[PDB]
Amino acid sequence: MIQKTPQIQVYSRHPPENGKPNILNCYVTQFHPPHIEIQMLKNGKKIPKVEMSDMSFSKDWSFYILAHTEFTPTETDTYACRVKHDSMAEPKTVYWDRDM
């Protein structure tokens, strides 16, 4: 069986305004096999209340998942999504960048 490496985007639901509650997305696509572990992080620590869509695939057969959590950007707090999948020996961590 051939593994497919996930592609990841990390981004807010709305344009970010420090101090305003918003929603942080981690959108994970193009992967195989469907088992995947996705954590969302705030200052390097696991955010405990993370929602995730159910196992789902696109018309090229590859699986995708949208994870999301509440968050309040501030100038100092970091956020990230960390994805662990059999295609990669090490977890992949993608940091949220307010410019993207």
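Between two forms, the rigid core is defined as the largest C-alpha subset superposing within 1.5 Å. Sequential numbering from 1, following the sequence displayed.
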{"property": "Stretch farther from the shown model on average in 7 other deposited structures of this protein, with CA RMS computed after core superposition (53 to 61, 32 to 40)", "result": "53 to 61"}
{"property": "Residue stretch of maximal mean CA temperature factor, 88 to 96 vs 73 to 81", "result": "73 to 81"}
{"property": "Stretch with the higher entry mean CA B-factor, where the candidates are 41 to 49 and 58 to 66", "result": "41 to 49"}
{"property": "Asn22 by Cα B-factor - lowest, middle or highest third of the modelled chain", "result": "middle"}
{"property": "B-factor third for the C-alpha atom of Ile8 within its chain", "result": "lowest"}
